[PDB]
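First, the structure itself, so that you have it in front of you.
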Amino acid sequence: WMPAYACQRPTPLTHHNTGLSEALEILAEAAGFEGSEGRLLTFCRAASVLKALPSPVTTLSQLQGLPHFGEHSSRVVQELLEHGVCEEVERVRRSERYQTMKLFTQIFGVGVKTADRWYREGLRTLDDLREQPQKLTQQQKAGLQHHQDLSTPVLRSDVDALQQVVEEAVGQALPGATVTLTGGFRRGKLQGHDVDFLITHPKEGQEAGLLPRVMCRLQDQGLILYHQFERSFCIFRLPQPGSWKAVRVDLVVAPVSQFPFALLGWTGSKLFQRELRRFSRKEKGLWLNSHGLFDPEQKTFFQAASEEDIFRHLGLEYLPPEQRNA
DNA sequence: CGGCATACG
DNA sequence: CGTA
DNA sequence: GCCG
Ligand SMILES: [Cl-]
Ligand SMILES: [Mg+2]
Ligand SMILES: [Mg+2]
Ligand code: NA
Ligand code: NA
């Protein structure tokens with residue numbers, strides 16, 4: 001009764017196994033810090049199965065038959081059910097390696113590979129990085145300068161004010177172009193780490209060259225604290241009572257022919273999209289990305305006019321964004 | 001055992 | 001390498 | 001770490 005891919009089941013934003021899923025996600029994150037992408041995926045998938053269940057897991061018995069629960073993930077759940085804590089999880093939480101890798105990878109411009117190199121060099125704190133700006137890219141410098149603001153969640157109230165600002169710039173750059181909220185807010189989140197917007201125009205081809213024009217206009221408005229095309233990863237100045245704060249904003253342009261694929265991809269969740277692309281390729285023999293869906297045997301691209309079209313193409317029941325919180 | 005999503009800046 |  |  002539980003399918004193996006996350007794209008085959010609804011996953012709501014809030015659920016009945018929060019503590020169990022959080023513990024598995026700590027182990028997934030720690031696996032990623034060590035470069036073990038396979039173990040990261042299994043622990044992510046096992047966590048997501050629990051998010052999709054209709055009620056709390058109370059007994060080890062209830063894991064039998066669930067996909068992605070083997071000896072390791074089952075033992076984690078067993079220990080949490082019996083003692084309220086899993087020793088392995090707590091050992092990770094308090095480890096210097098985990099805490100520092102988490103701190104460093106949270107910086108905009110710093111990935112696992114950079115964080116790991118800094119860790120091996122003996123660096124442990126943000127002030128350690130600030131004292132050796134010799135080692136920082138301009139992007140990392142911005143990420144470090146703005147780290148405190150960027151660690152504060154964005155509220156849905158913030159998002160709406162920001163969308164109107166983006167729309168004004170987009171309207172001058174290209175009348176008729178539209179702005180769609182994507183990412184976690186489109187999945188129903190009340191908070192988030194960043195805001196994602198997808199821009200298109202109803203006349204195919206008119207969107208060519210649009211993003212530079214949008215970015216120049218936002219920058220002339222004084223709203224861009226950092227930016228470096230069709231994707232822009234920015235830091236924006238967001239008004240606040242008597243002041244402002246830095247917020248991460250991503251802007252993406254797509255032609256209207258690709259818009260359903262870009263909307264699907266940029267709405268997430270990350271695990272949902274990985275699972276959907278895995279399902280497409282492995283179960284249906286079709287190659288999915290944020291631009292289209294390719295049949296490699298006929299060498300043809302599927303036209304889609306909606307996300308509903310894409311789910312139908314793949315033989316999947318439609319899931320609205322609020323049920324894609326894998 | 002092989003596989004684990006797939007792009008762009 | 002970083003980003004999504 | 002788990003699946004097929
Ligand atoms: Cl691994
Ligand atoms: Mg987001
Ligand atoms: Mg984003
Ligand atoms: Na980072
Ligand atoms: Na800067």
Side-chain angles (χ1 to χ4, degrees), chain A residues 11 13 28-30 32-35 37 40 97-112 114-119 123-126 128-130 136-137 139-163 165-166 179-199 211 214-215 218 224-226 229-236 238 246-254 262-274 290 321-322 324-326:
Chain A
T11 315
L13 178 57
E29 184 180 22
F33 294 158
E34 303 314 304
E37 298 301 317
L40 173 150
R97 169 73 178 183
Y98 172 84
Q99 292 176 200
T100 306
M101 293 295 280
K102 183 159 187 73
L103 175 69
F104 285 174
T105 58
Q106 282 170 346
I107 307 179
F108 178 66
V110 183
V112 174
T114 301
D116 173 69
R117 177 164 58 69
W118 290 345
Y119 189 87
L123 302 153
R124 296 290 183 273
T125 68
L126 301 187
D128 290 331
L129 305 174
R130 284 167 173 147
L136 305 177
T137 66
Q139 184 182 47
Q140 291 162 354
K141 287 175 164 131
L144 197 54
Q145 281 149 350
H146 293 298
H147 182 269
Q148 180 179 335
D149 280 2
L150 296 187
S151 84
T152 311
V154 187
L155 312 187
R156 182 52 196 256
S157 325
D158 302 327
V159 173
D160 299 330
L162 184 51
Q163 186 160 353
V165 172
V166 175
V179 176
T180 299
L181 178 66
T182 67
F185 287 105
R186 182 170 183 250
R187 304 199 307 277
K189 293 182 80 178
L190 301 186
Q191 289 177 3
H193 110 278
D194 84 340
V195 192
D196 310 291
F197 295 113
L198 175 63
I199 299 162
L211 195 50
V214 173
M215 292 309 306
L218 293 165
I224 303 303
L225 293 161
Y226 169 85
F229 48 105
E230 63 209 45
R231 303 173 182 188
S232 186
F233 316 117
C234 312
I235 302 174
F236 271 55
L238 177 72
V247 179
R248 279 275 295 107
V249 181
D250 295 329
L251 302 180
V252 182
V253 171
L263 183 63
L264 179 58
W266 284 87
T267 293
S269 75
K270 175 180 175 170
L271 181 63
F272 189 94
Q273 295 307 307
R274 292 173 76 160
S290 78
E322 72 263 16
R324 306 179 199 161
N325 287 292

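Numbering of ligands and ligand atoms starts at 1, following listing order. Computation of the quantities below employed the complete heavy-atom set of this structure, encompassing side-chain atoms and omitting hydrogens, waters and symmetry-equivalent molecules. Lettering of chains follows the sequences in order, A, B, ..., and the numbering in each one begins at 1.
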(request) Would you confirm whether the ring centroid of A:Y226 sits within less than 6.0 angstrom of the ring centroid of A:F108? (result)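 Yes; A:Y226 has its ring centre under 6.0 Å from that of A:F108.
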(request) Below 2.8 Å of the Mg ion (ligand 2), tally up the protein N/O/S atoms for me. (result)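 There are 2 of them.
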(request) Look only at the side chain of A:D128 and the backbone of A:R124, and say whether a donor-acceptor pair between them is shorter than 3.5 Å. (result)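 Yes, the answer is positive, given that a donor and an acceptor are paired below the 3.5 Å cut-off.
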(request) For A:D160 and A:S157, indicate whether the former's side chain and the latter's backbone hold a donor-acceptor pair under 3.5 Å. (result)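 No; zero donor-acceptor contacts below 3.5 Å.
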(request) Enumerate the protein N/O/S atoms at a distance below 3.0 Å from the Na ion (ligand 4), ignoring waters. (result)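 As for protein N, O or S atoms lying under 3.0 Å from the Na ion (ligand 4), they are A:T105 O, A:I107 O, A:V110 O.
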(message) Donor-acceptor pair, distance only, cut-off 3.5 Å: does the side chain of A:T114 make one with the backbone of A:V110?
(response)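 Answer holds: no.
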(request) For the residue pair A:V252 and A:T182, establish whether any side-chain heavy-atom pair is separated by less than 4.5 Å. (result)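 SC-SC contact between A:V252 and A:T182 ruled out.
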(message) Taking the six-membered ring of A:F33 as reference, does the cationic atom of A:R97 (NZ for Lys, CZ for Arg) lie under 6.0 Å from its centre and within 45° of its axis?
(response)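 No.
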(request) Examine distances only and state if a side-chain atom of A:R186 and a backbone atom of A:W266 form a donor-acceptor pair shorter than 3.5 Å. (result)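 Judged by distance alone, no pair lies under 3.5 Å.
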(message) Test your reading of the model: is there a side-chain donor-acceptor pair from A:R248 to the backbone of A:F233, 3.5 Å cut-off?
(response)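 Absent.
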(request) Could you tell me whether the side chain of A:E230 and the main chain of A:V253 form a donor-acceptor pair under 3.5 Å? (result)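 Not confirmed, A:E230 side chain does not pair with A:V253 backbone.
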